[PDB]
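**Q**
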Amino acid sequence: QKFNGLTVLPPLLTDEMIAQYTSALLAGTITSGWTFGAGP
Amino acid sequence: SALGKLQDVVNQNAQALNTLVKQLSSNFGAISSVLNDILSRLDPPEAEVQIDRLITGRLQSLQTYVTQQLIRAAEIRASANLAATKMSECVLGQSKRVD
Amino acid sequence: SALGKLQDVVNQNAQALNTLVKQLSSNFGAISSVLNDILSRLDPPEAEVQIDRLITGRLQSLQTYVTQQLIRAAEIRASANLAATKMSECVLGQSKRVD
Amino acid sequence: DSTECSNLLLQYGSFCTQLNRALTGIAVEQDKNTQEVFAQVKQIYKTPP
Amino acid sequence: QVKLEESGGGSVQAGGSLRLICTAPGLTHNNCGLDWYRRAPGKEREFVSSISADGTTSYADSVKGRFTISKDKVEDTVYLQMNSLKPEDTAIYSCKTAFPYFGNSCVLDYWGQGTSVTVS
Amino acid sequence: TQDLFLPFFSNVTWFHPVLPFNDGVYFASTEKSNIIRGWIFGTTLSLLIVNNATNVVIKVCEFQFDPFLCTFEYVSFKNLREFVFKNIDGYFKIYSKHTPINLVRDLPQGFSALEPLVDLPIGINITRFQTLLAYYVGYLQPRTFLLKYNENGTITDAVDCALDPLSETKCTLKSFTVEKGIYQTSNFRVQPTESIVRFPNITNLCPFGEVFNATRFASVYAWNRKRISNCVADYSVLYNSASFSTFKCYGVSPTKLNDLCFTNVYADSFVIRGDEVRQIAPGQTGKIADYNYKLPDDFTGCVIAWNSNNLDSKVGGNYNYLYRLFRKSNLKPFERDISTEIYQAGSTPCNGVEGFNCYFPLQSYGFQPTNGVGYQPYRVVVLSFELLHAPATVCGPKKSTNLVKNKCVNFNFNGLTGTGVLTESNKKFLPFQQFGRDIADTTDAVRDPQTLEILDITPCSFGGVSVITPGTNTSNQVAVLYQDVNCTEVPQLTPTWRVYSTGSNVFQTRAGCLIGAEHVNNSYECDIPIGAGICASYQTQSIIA
Amino acid sequence: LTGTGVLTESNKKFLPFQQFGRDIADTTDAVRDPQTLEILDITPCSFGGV
Ligand SMILES: *[C@@H]1O[C@H](CO)[C@@H](O[C@@H]2O[C@H](CO)[C@@H](O[C@@H]3O[C@H](CO)[C@@H](O)[C@H](O)[C@@H]3O)[C@H](O)[C@H]2NC(C)=O)[C@H](O)[C@H]1NC(C)=O
Ligand SMILES: *[C@@H]1O[C@H](CO)[C@@H](O[C@@H]2O[C@H](CO)[C@@H](O)[C@H](O)[C@H]2NC(C)=O)[C@H](O)[C@H]1NC(C)=O
Ligand SMILES: *[C@@H]1O[C@H](CO)[C@@H](O)[C@H](O)[C@H]1NC(C)=O
Ligand SMILES: *[C@@H]1O[C@H](CO)[C@@H](O)[C@H](O)[C@H]1NC(C)=O
Ligand SMILES: *[C@@H]1O[C@H](CO)[C@@H](O)[C@H](O)[C@H]1NC(C)=O
Ligand SMILES: *[C@@H]1O[C@H](CO)[C@@H](O)[C@H](O)[C@H]1NC(C)=O
Ligand SMILES: *[C@@H]1O[C@H](CO)[C@@H](O)[C@H](O)[C@H]1NC(C)=O
Ligand SMILES: *[C@@H]1O[C@H](CO)[C@@H](O)[C@H](O)[C@H]1NC(C)=O
Ligand SMILES: *[C@@H]1O[C@H](CO)[C@@H](O)[C@H](O)[C@H]1NC(C)=O
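Protein chains in written order, with this note's numbering: chain W, 68 to 107; chain U, 1085 to 1183; chain Z, 1085 to 1183; chain G, 484 to 532; chain S, 284 to 403; chain P, 769 to 1313; chain H, 15 to 64.
(1) What does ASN1102/Z touch in chain H if you count any residue whose Cβ is under 9 Å from its own?
(2) Taking DSSP's pairing of strands, which residues face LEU787/P in a bridge?
(3) In chain Z, which residues lie with their C-beta within 9 Å of the C-beta of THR16/H?
(4) For the alpha helix (DSSP H) containing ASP1136/U, list its first residue and its last residue.
(5) Name, please, each residue of chain W whose Cβ falls closer than 8 Å to the Cβ of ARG1278/P.
(6) Mind reading off the beta-carbon distance from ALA1073/P to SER1013/P? Whole number of angstroms is fine, and I expect it under 8 Å.
(7) Could you tell me whether the Cβ of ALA105/W comes closer than 8 Å to any Cβ of chain G?
(8) Under the three-state reduction of DSSP, which class applies to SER1179/Z: helix, strand or coil?
(9) Compute the minimum distance between the beta carbon of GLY977/P and the heavy atoms of ligand 1, and state whether it is under 7 Å.
(10) Output yes or no for whether 8 Å exceeds the beta carbon distance between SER1037/P and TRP991/P.
(11) What does DSSP give as the partner residue(s) for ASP1036/P in the beta ladder?
(12) Give the range of the beta strand (DSSP E) segment to which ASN1119/P is assigned.
(13) So that I know if they touch, is there some Cβ in chain U lying closer than 8 Å to that of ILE1115/Z?
(14) Any C-beta of chain H sitting closer than 8 Å to the C-beta of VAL1094/Z?
(15) Look at the Cβ atom of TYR362/S, then the Cβ atom of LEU303/S, and state whether they are nearer than 8 Å.
(16) Would you call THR945/P buried or exposed, if buried means 16 or more other Cβ atoms sit within 10 Å of its Cβ?
(17) Mind checking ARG349/S: buried by the 16 CB within 10 Å criterion, or exposed?
(18) Alpha helix (DSSP H) containing residue 415/S: first to last residue?
(19) Kindly identify the DSSP beta-bridge partner or partners of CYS1255/P.
(20) The beta strand (DSSP E) spanning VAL825/P covers which residue range?
(21) So, for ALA796/P: in the same chain, excluding its five sequence neighbours on each side, which residues have a beta-carbon less than 6 Å away from its beta-carbon?
(22) Would you tell me roughly how many angstroms separate the C-alpha atoms of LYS861/P and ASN490/G, rounded to the nearest one?
(23) Alpha carbon to alpha carbon, how far is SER954/P from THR912/P? Give it in angstroms, no decimals.
(24) Shortest alpha-carbon distance to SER1115/P belongs to which of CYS1255/P, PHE1124/P, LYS1196/P and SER844/P?
(25) Write down the C-beta distance between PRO775/P and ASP874/P rounded to the nearest angstrom, noting that I regard them as a contact closer than 8 Å.
(26) Can you pull the chain G neighbours of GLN1107/Z, defined as C-beta to C-beta under 8 Å?
(27) Give the interface partners of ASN1097/Z over in chain G, defined as CB-CB distance under 9 Å, in chain order.
(28) Taking only three categories from DSSP, how would you classify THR1103/Z?
(29) Which residues mark the beginning and the end of the alpha helix (DSSP H) in which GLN494/G is found?
(30) Identify, in the order they occur along the chain, each residue of the same chain with its Cβ nearer than 7 Å to the Cβ of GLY1120/P, setting aside the five sequence neighbours on each side.
(31) At the level of alpha carbons, what is the spacing between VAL1093/U and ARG1156/U?
(32) Shorter than 8 Å from the beta carbon of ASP392/S to some beta carbon of chain P?
(33) Quick one: using the 10 Å Cβ neighbour count with 16 as the cut-off for buried, is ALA336/S buried or exposed?
(34) Under 9 Å between beta-carbons, which chain W residues line up against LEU1176/U? List them in chain order, please.
(35) Helix, strand or coil, according to DSSP, for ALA796/P in the structure here?
(36) So, for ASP47/H: in the same chain, excluding its five sequence neighbours on each side, which residues have a beta-carbon less than 7 Å away from its beta-carbon?
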């Protein structure tokens, strides 16, 4: 963590956001089959 | 050795950055590898010569680093497109493509 | 902003060309950036070094441009392959692959 | 942080701008990658209790 | 305590030839220029010749053509070849050179003694 | 373009009187009765420009001057006249423009360019001027501008490139309109406040007098070398003296020796014929250069030689001084050899018998006090020193100062020049260790020469600067993001930039310090991506994050 | 101002104090003749591949 012109930008989506997306996909698959990927 | 691929990506990025930093302590033919000493040891008309040698050397390394990163990014992008396709077709549906 | 994808390519190519042309106006650490001036205001044995510096700088800039183009062509080819696949499978048939 | 070095560097045209632009393009692409892979769902579903 | 010298003078007949050698020991390190001046009786000193570190020679109007100023590669020795001499060349010539003080090595200017060039 | 302009939105002094001429002048004047005539420029108040009834006289002379109403003489509310005067490279340039106004007691807001009017090749230093007769005076500074040329080649608009963040954005994107987004314009670096020097408190001067003003120099084949250490090395003594025939330093500038700090320093002394003096230089050849004293090809030191006619000659010529002249091999650099074996020339061993096929390897000097200078004795001293970045036991004359902590300063510990922030260490040096170092071989800790304590070094803060903007089509308001800094350390046209340095709208994110945005508690869809899960947008009107 | 090329007549209109034109790449493409005070275009000398 020492610098000469070096920086490390932080990613836009934190890890909790990635986990939320994953849980959404998983819950949709469990409760509604393949229908949620093509409509309501 | 399960999560091999992620680990290799991390390693390849941390290295080749350590190399970039370590390349900062070479002479490239000058009398020293520190700018503050060439300035503090010579008159401008030849401090310029030494500084120019250092500038050429250091500018050479940065281009190599940038080109390497530019090539690796394409590999990662191809892998990410594959992952997106697998998410669309294996998760949100049932696939008929073998394997 | 519907067609941003088709305009990014044009903008990138034009910008690269403009940078390549502008790099002709840099002396790269020589007397001047015009060959004629070095030819006139100096004798051959000393003008040769000044010419050599310009040659090195210009050659390096050209190489950088060519490498950039080589890298861009690869992703354009990837898009072309994807478009050919979509033509074969979406237009000349009915597809089951999701999304 | 030298200034003689900087003035000498100015005689090389626009290399540094090219390098910065390249690295910035690489950096911005890495968010599009994640966006494409994970953000495929309109809403946020929840399992029943 | 003399850092310079003049040598190579002598007595030669009109139309004759001779060789001058102003010899300083540290001229290679100093990289200063060299001047030959002359003094003939009944008047004041005048410029004879000059040589720079890069060999751009300059000559007096009267001596050009046969007086050639030159510098050896090593040993810090110079020459002024004289030919085509004439009796009015009988004069006392002198050198002038620069020496170090506070770092840089050309600040202190210094005239040697001079040598007699007696043409008959 | 990058040149001398009048910065936008600035004070013009308002006369209604000798004035300075720093770098250029923007003179303007509105009138109706032509009450103003001309100008007088120069230093000790020199050229003159007047306009009586019809003809305009522009003359340069030396004059006699409370005015009211020869190297060159180019003789020949309703109205507003604007003039720009500047003096570059021996030329004096005048630009001008006329316009009609109907307004009182104030400058109109408008844009109009100034065509060039004349160039005069005088070549006189100018530092002051005075008018001759409501008139306005400004000044010119180096700036960068973005100029807009229309179809016919007339400048119709311009952007000052350092007024405020939005103008800088418009500069980087060579355009006059900006789309909604986030753009990265400049870098930001903290600056050193002071300087610190710390040297040990010894006072004994180095014994140069002993070496130089000596008694009996050794002969060249056995040259005396003396180490010098633990002393202040003031060179002013060698500077003042002017009786030197050669003073040349190879790896360093001879006029900077009072500032450096050397690790190991050696002084070599001997006496040589003047003719062989040239042989003391790296890479040269000869009998001295190959058999008696060889200098390396990467030498780093100084050579000081002068003449010793009045000290080293006998009545018939001193014969003590000696030198090797017959050796079976060349000398590697800094190699001494004082063996006394007869040199074999033939194919029969000498067996300690000189004469046939056998010569003594030495030969002496005759210093007749009346020879040519090419033969008179010369005393030569060679100072050779190693010049690493190190404890540097030998240091020149310099004054120590106090110690400053927790501020970006500019330090020098026994030649460890650098810049950064010094704090107190929790490290455990060992009684022989002088400084620390990190993985990448970077100095990151030192030991105080005068109190023997351990200081950590960290670099001064720096980062990038980005500008958050809704499109200029929507508003002229912006926010600024300083990347990866702490909001305390943020400190520039005061009416424009200083607004984005303080206020009640400072927010601290995981991506940097955000200035000019208001932090709400709601949550929306992302509009402009800041980072680390933070976005920003334009709503109800101001900018929210 | 020296160069090589083909000089033709034009219809661009300078301003009464301007001497030559320039392009987006900052390369000369027009010039005003010192005496007749006309505007000439400069076009590069033809080249290509075979
Ligand atoms: C070797 O010894 C000689 C002895 O003459 C040293 O030269 C002389 O050193 C003295 C001591 O400072 C100088 O005196 C100073 O003179 C200046 C005016 O030039 C005056 O302003 C000072 O107040 C002081 O009196 C003297 O000038 C100098 N030169 C001569 C010709 O006497 C020499 O420095 C010694 N060398 C070494 C390496 O010690
Ligand atoms: C430069 O001199 C030439 C030579 O006279 C001028 O060309 C003539 O200008 C007159 C002006 O009335 C015309 O009537 C002629 O037809 C021109 N051509 C000739 C005489 O061959 C030219 O105008 C001058 N230009 C400047 C800028 O001084
Ligand atoms: C001009 O300076 C005065 C103070 O002397 C003050 O009115 C202000 O700082 C300036 N005026 C502006 C910026 O309009
Ligand atoms: C023209 O200039 C001369 C020079 O001093 C001056 O005396 C004269 O008054 C001027 N003419 C007019 C009409 O102002
Ligand atoms: C002008 O100033 C320069 C340096 O400031 C000086 O060398 C020169 O002699 C000056 N000339 C006049 C005429 O004042
Ligand atoms: C340029 O001048 C012509 C006059 O011939 C005028 O018609 C035109 O409007 C001008 N260009 C612009 C952009 O106004
Ligand atoms: C002089 O330096 C020594 C080095 O340790 C230190 O102990 C001493 O305190 C210094 N002198 C003064 C007056 O502080
Ligand atoms: C910023 O500085 C303050 C005070 O020094 C400190 O409390 C805070 O933790 C710092 N923030 C970061 C991100 O370092
Ligand atoms: C946001 O909510 C938190 C917790 O309720 C509170 O501490 C904070 O003051 C709120 N911010 C605003 C701007 O109301």
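Don't be surprised by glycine CBs; every beta carbon is placed ideally from N, CA and C.
**A** Short version:
(1) Walking along the third sequence from the start, residue 1102/Z turns up at place 18. Within chain H, the residues near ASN1102/Z are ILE38 and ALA39.
(2) Here the question's residue 787/P lines up with position 19 in the sixth sequence. DSSP, once it has assigned bridges, lists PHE897/P as partnering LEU787/P.
(3) As a first step, residue 16/H must be located in the seventh sequence, where it is residue number 2. Near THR16/H (Cβ distances below 9 Å), the residues of chain Z are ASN1120.
(4) Taking the second sequence and counting its residues from 1, one reaches residue 1136/U at position 52. Run containing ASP1136/U: 1128 to 1170, per the alpha helix (DSSP H) assignment.
(5) Within the sixth sequence, the letter at position 510 stands for residue 1278/P. Simply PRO77.
(6) Here residue 1073/P refers to the residue found at position 305 when the sixth sequence is read from its first residue. Here residue 1013/P refers to the residue found at position 245 when the sixth sequence is read from its first residue. Going by Cβ atoms, the distance from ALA1073/P to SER1013/P rounds to 6 Å, so yes, they are a contact pair.
(7) One-based indexing of the first sequence puts residue 105/W at position 38. Judged by the 8 Å Cβ criterion, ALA105/W is not in contact with chain G.
(8) Within the third sequence, residue 1179/Z is the residue found at index 95, counting from 1. Of the three classes helix, strand and coil, the one that applies to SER1179/Z here is coil, per DSSP.
(9) Taking the first residue of the sixth sequence as position 1, residue 977/P is located at position 209. Yes, ligand 1 has a heavy atom inside 7 Å of this Cβ.
(10) Start at 1 with the first residue of the sixth sequence, and residue 1037/P comes out as number 269. Start at 1 with the first residue of the sixth sequence, and residue 991/P comes out as number 223. Yes; because the gap between Cβ atoms is below 8 Å, this pair is in contact.
(11) Here the question's residue 1036/P lines up with position 268 in the sixth sequence. Paired residue(s): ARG993/P and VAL1150/P.
(12) As a position in the sixth sequence, residue 1119/P is number 351, starting the count at 1. First-last for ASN1119/P: undefined, no H or E at that position.
(13) Along the third sequence, read from residue 1 onward, the residue named residue 1115/Z stands at position 31. No - not a single Cβ of chain U is within 8 Å of the one on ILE1115/Z.
(14) Locating residue 1094/Z in the third sequence gives position 10, where the first residue counts as 1. Judged by the 8 Å Cβ criterion, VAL1094/Z is not in contact with chain H.
(15) The sequence position of residue 362/S within the fifth sequence is 79, counting from 1. The sequence position of residue 303/S within the fifth sequence is 20, counting from 1. Yes.
(16) Here residue 945/P refers to the residue found at position 177 when the sixth sequence is read from its first residue. Exposed, by the Cβ-count rule.
(17) Against the fifth sequence, residue 349/S aligns to sequence position 66. Exposed, since its Cβ has fewer than 16 Cβ neighbours within 10 Å.
(18) Chain S is shown from 284 up to 403; residue 415/S falls before or after that span and cannot be answered.
(19) For this step, residue 1255/P is matched to residue 487 along the sixth sequence. Its beta-bridge partners do not exist; DSSP assigns none.
(20) Position 57 of the sixth sequence, counting from 1, holds the residue named residue 825/P. Segment 824 to 828, the beta strand (DSSP E) holding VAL825/P.
(21) Locating residue 796/P in the sixth sequence gives position 28, counting from the first residue. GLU850 and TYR904, listed in sequence order.
(22) What you label residue 861/P is simply residue 93 of the sixth sequence in a count that begins at 1. What you label residue 490/G is simply residue 7 of the fourth sequence in a count that begins at 1. If you take the alpha carbons of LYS861/P and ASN490/G, they lie about 28 Å apart.
(23) Against the sixth sequence, residue 912/P aligns to sequence position 144. Against the sixth sequence, residue 954/P aligns to sequence position 186. Cα to Cα, the separation comes out at about 15 Å.
(24) Stepping through the sixth sequence from its first residue, residue 1115/P is reached at position 347. Nearest of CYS1255/P, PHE1124/P, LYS1196/P and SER844/P to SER1115/P, Cα basis: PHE1124/P.
(25) Along the sixth sequence, read from residue 1 onward, the residue named residue 775/P stands at position 7. Along the sixth sequence, read from residue 1 onward, the residue named residue 874/P stands at position 106. About 20 Å; that fails the 8 Å criterion.
(26) As a first step, residue 1107/Z must be located in the third sequence, where it is residue number 23. Those within 8 Å of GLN1107/Z in chain G are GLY496 and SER497.
(27) The count along the third sequence starts at 1 and reaches residue 1097/Z at position 13. Correct list: empty, because the minimum Cβ distance to chain G is about 14 Å.
(28) Here residue 1103/Z corresponds to residue number 19 of the third sequence, with the count starting at 1. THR1103/Z falls in the helix class under three-state DSSP.
(29) Working through the fourth sequence from its first residue, we reach residue 494/G at position 11. Segment: none, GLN494/G is in no alpha helix (DSSP H) and carries neither H nor E.
(30) Taking the sixth sequence and counting its residues from 1, the one referred to as residue 1120/P is at position 352. The answer, listed in chain order, is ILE1110.
(31) Here residue 1093/U is taken as the residue at index 9 of the second sequence, counted from 1. Here residue 1156/U is taken as the residue at index 72 of the second sequence, counted from 1. Taking the straight line from one Cα to the other gives about 9 Å.
(32) Indexing the fifth sequence from 1 puts residue 392/S at position 109. Chain P, which has no Cβ nearer than 8 Å to the Cβ of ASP392/S, makes this no.
(33) For this step, residue 336/S is matched to residue 53 along the fifth sequence. It is exposed - the Cβ of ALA336/S has fewer than 16 other Cβ atoms within 10 Å.
(34) Within the second sequence, numbered from 1, the residue matching residue 1176/U stands at position 92. By Cβ distance, chain W contributes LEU92, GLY95, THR96, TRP101, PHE103, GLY104 and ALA105.
(35) Locating residue 796/P in the sixth sequence gives position 28, where the first residue counts as 1. Strand.
(36) Counted from its first residue, the seventh sequence places residue 47/H at position 33. The residues are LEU54.
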